[PDB]
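Before any comments, here is the structure.
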Amino acid sequence: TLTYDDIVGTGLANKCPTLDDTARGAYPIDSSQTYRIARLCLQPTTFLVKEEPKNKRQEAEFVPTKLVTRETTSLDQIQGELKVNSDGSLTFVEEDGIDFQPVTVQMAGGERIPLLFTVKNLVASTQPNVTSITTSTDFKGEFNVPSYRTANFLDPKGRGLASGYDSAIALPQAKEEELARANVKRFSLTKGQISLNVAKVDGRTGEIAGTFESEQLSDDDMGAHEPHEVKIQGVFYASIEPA
Amino acid sequence: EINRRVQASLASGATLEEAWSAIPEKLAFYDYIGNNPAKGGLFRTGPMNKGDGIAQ
Amino acid sequence: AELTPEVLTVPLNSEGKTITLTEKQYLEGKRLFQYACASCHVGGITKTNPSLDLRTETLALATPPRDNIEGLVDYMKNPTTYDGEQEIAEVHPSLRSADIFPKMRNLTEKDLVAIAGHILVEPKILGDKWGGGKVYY
Amino acid sequence: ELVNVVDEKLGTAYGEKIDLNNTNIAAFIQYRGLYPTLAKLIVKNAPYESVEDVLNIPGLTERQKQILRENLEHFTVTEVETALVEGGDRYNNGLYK
Ligand code: CLA
Ligand code: HEC
Ligand SMILES: CCCCCCCS[C@@H]1O[C@H](CO)[C@@H](O)[C@H](O)[C@H]1O
Ligand SMILES: [Ca+2]
């Protein structure tokens, strides 16, 4: 098969595995066995940002953006328990993995939108009575979105939350209040929402693949400005295992 | 000098509020680095009031 | 100031016994510490794990206590984590893993005592600078 | 009004004692017997409703429990502060020497 030296520099390392067109099977679930997802992979194909209109009577649309951070976007090696619930629904509870990527996209006109693309602490569920995972199975869930920068991050004048100056030291006698938003760093933690639509299943292997769409807030630069709403779409792949 | 006057005031009975209330504003104002002439810049133009402000 | 007999007098064991080192042992200790240890512990710090330093107070709170000759000699034979729970000979040089840490192969018992002696004497000279890292350069 | 949550935390018991819910793991080196084995376990099994709850960590040897007991006067608990616990910062908070 393909080794690192086959793949290095091709772009494939950012691509989730695909399933053949024959993968249309059913993966049976025994409510007596415990399972895990041994590998969840999410490859974004589109980032959309919701425009923010001047009057809030206009309907705000999600608009296309251009990716400027290259092929560094995919979430992978995610794993966690796949619980079988009382009512036969399945629940994925993320425990670990490469489960975030900082991403920057650009609006028409050049506005750059950094976001922490993520499914940290994902708890996603199916509809009830899932005796088998099929191309009709879906997962819907919620996850956490912590600040895009972590607490040590210092702005360009040295100011920070867990480190840094607490004032604008270049303006030794300016008034503080107008600068409070810039000087007092804050750490956001918000919720995002995701849906995974299975489209392929290899029952013989436990592998599934399909499409996903999530929604989360973008970088608020440690409280300095209002984040935007992002909509991420792409393909996914998962390997389920008895465990 | 401000410390001397405050110590004298006190030595002679004053409360701490009185002793400090006795210090002329003009003397206090000299004891402020915004008036030190070695605190400027070559391209920082105009009156001192244009930096820290007009003292009230 | 001088490197005197008082400066060179250090705890031998956990029970309060001291030992006075000769100036020659001190120098030996400094030399052998450079030869075998300073690549990671230059200045009393630890390059590959900065949480742990060679300060006397730190050594005293290790398990077993390492703030004395005997403790240090034993460390150099059979190093443990700081809580004494684990034997780390496989990734920390010692007489026990002289096969994989070849500079350990010709260290004699007397050499180990000299190094222990260096580690206990330096902070008596350098104070907080020992184990202080760059703040104190 | 906007507040720096870390500075605020320095006003609570987090500023006085090792906080089992927030404090970076290297702080456990300050007492005999805690680091690395108990420190790893304390951080992995956080948060705790009270200091005593640290004794209920599954799998502890008897001397482990005894070391915990001897060090409870040095511990505290406050609410998980997101800014202290995100980014694996309990494991490596970007401070070395
Ligand atoms: C000894 C001369 C002197 C001094 C010490 C002052 C001092 C002062 N003036 Mg007066 N002034 C002067 C002459 C002077 N002035 C003259 C000749 C005029 C008529 C132009 C004025 C008109 C004037 C006005 C209208 C005002 C002042 C004000 C002030 C105050 C602020 C100064 C400032 O911001 O400078 C800043 C100075 C600089 C930024 C220049 C620095 C040096 C330059 C860069 C040299 C250029 C180098 C050159 C390119 C080299 C090339 C050679 C080649 C071969 C390489 C201060 C008390 C201000 C105020 O507060 O008044 C109440 C104000 O409004 N001044
Ligand atoms: C890097 C490759 C090292 C060399 C060379 C030496 N030591 Fe070391 N030391 C190293 C690490 C990563 C650690 C921490 C290990 C752990 O997981 O706990 C240490 C620790 C020590 C200690 C314990 C410190 C304490 O405060 O209790 C001592 C006493 C010590 N090291 C001494 C020592 C001596 C004498 C060496 C020369 C023969 C030596 N070290 C080499 C990394 C490295
Ligand atoms: C509670 C977590 C804090 C960890 C312990 C503080 C280490 S900070 C400590 O400050 C001292 C200054 O005199 C020095 O002795 C030392 O070199 C320095 O690192
Ligand atoms: Ca489907």
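Read-outs: derived from the displayed coordinates by stated rules, not from any lab. Quick reminder, even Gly has a Cβ in these numbers, built from the backbone with ideal geometry, and neighbours come from all protein chains shown.
Of all the C-alpha pairs in segment A:118-234, what % are more than 24 Å from each other? That tail contains 47 percent of the Cα-Cα pairs. In order along segment B:40-46, the phi-based Karplus estimate (6.51 cos²θ - 1.76 cosθ + 1.60, θ = phi - 60°) of 3J(HN,Hα) comes to x, x, 4, 9, 9, 8, x Hz; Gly and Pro are listed as x.
Under the classification rounded if a/c is under 1.5, otherwise prolate if a/b is larger than b/c and oblate if not, where does chain C fall, given a ≥ b ≥ c as square roots of the Cα gyration tensor eigenvalues? Since a/c stays below 1.5, the shape of chain C is classed as rounded. Spatially, segment A:66-126 and chain B are offset by 59 Å when compared through their Cα centroids. Between amide H atoms placed 1.01 Å from N, distances below 5 Å from C:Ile19 occur with C:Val10, C:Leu12, all of them 5 or more places distant or on a separate chain. With R₀ fixed at 60 Å, the C-beta to C-beta distance from B:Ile33 to A:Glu241 puts the FRET efficiency at about 0.30. Per residue of D:1-9, other chain Cβ atoms within 10 Å of the residue Cβ number 5 on average.
Computed from backbone phi with θ = phi - 60° and the Karplus coefficients 6.51, -1.76 and 1.60, the 3J(HN,Hα) list for segment A:176-186 is 6, 5, 4, 9, 4, 5, 7, 7, 9, 6, 10 Hz; x is used for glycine and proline.
Extension gain, C:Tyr136 to C:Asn106: 0.36 nm times the residue separation minus the Cα-Cα distance gives 7.4 nm. Per residue, the convex hull around the alpha carbon atoms of segment A:22-109 comes to 199 Å³.
With the simple model of a label 7 Å out from the Cα in the direction of the Cβ, B:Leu10 to A:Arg204 spans 9.2 nm. Estimated purely from DSSP H runs of n ≥ 4, each contributing -39500 (n - 2.57), the mean residue ellipticity at 222 nm for chain C is -11000 deg cm²/dmol once divided by its residues.
So what is the 222 nm mean residue ellipticity for chain A from helices alone, if each DSSP H run of at least 4 adds -39500 (n - 2.57) and you divide by all residues, rounding to the nearest 500 deg cm²/dmol?
Details: 2 runs with 8 residues, N = 243.
So the calculated ellipticity at 222 nm is -500 deg cm²/dmol.
With the convex hull of the Cα atoms taken as the outline of segment A:12-62, the averaged projected area works out to 7.8 nm².
Of D:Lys17/D:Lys40; C:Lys77/D:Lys44; A:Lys83/D:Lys44, which ones are farther than 26 Å apart at the Cα?
Numbers: D:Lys17/D:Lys40 18 Å; C:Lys77/D:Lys44 32 Å; A:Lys83/D:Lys44 22 Å.
Beyond 26 Å: C:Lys77/D:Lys44.
Return the Rg/Rh value of the protein assembly as shown, two decimal places, where both radii are evaluated on C-alpha atoms and Rh is the Kirkwood radius.
On the way: Rg = 31.3 Å, Rh = 29.3 Å.
We get a ratio of 1.07 for the protein assembly as shown.
Cα extents for chain D along the principal axes, largest to smallest and rounded to whole angstrom: 48, 28, 20.
Only four residue types carry charge here, +1 at the Cβ of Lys and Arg and -1 at the Cβ of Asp and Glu. Report the dipole size of segment A:158-224 about the Cα centre in Debye, rounded to the nearest 20.
Roughly 140 debye, rounded to the nearest 20.
List A:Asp219, A:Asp155, D:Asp19, C:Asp83 from most exposed to least, where exposure is judged by having the fewest other Cβ atoms within 10 Å. All intermediate terms of the calculation are to be shown ahead of the outcome.
Details: A:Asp219 23, A:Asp155 16, D:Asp19 26, C:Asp83 20.
Sorted ascending by nearby Cβ count, the order is A:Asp155, C:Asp83, A:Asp219, D:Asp19.
Explain nothing, just the number: dipole magnitude of the protein assembly as shown about its Cα centre with +1 on each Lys and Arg Cβ and -1 on each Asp and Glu Cβ, in debye rounded to the nearest 20.
Working: 56 positive and 75 negative charges, 280 e Å.
About 1340 debye.
The reciprocal of the average 1/r between distinct C-alpha atoms defines the Kirkwood hydrodynamic radius, which for chain B equals 13.4 Å. Cα extents for chain A along the principal axes, largest to smallest and rounded to whole angstrom: 71, 44, 41.
Listed from fewest to most Cβ neighbours within 10 Å, the set C:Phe101, B:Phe29, A:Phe187 follows the order B:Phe29, C:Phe101, A:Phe187. When peptides B:36-44, A:59-67, A:5-13, C:125-133 are sorted by average Cβ neighbour count within 10 Å, with the highest value leading, the order is C:125-133, A:59-67, A:5-13, B:36-44.
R0 = 30 Å: FRET efficiency of A:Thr34 with A:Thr135, Cβ-based, nearest 0.05? Intermediate values should be presented prior to the final figure.
Working: r = 24 Å, r/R0 = 0.80.
Efficiency computed from Cβ-Cβ geometry: 0.80.
The reciprocal of the average 1/r between distinct C-alpha atoms defines the Kirkwood hydrodynamic radius, which for segment A:146-196 equals 12.6 Å. Listed from fewest to most Cβ neighbours within 10 Å, the set A:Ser86, C:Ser97 follows the order A:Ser86, C:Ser97.
Could you work out the helix-only [θ] at 222 nm for chain B, with each DSSP H run of four or more residues adding -39,500 (n - 2.57) and the total divided by the number of residues, to the nearest 500 deg cm²/dmol? Write out the running numbers ahead of the final one.
On the way: 3 runs with 22 residues, N = 56.
That comes out to -10000 deg cm²/dmol.
Take the Cβ-Cβ distance between A:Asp20 and C:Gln34 as r, set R0 to 45 Å, and report the resulting FRET efficiency rounded to the nearest 0.05. Once the sixth-power term is evaluated, E becomes 0.10.
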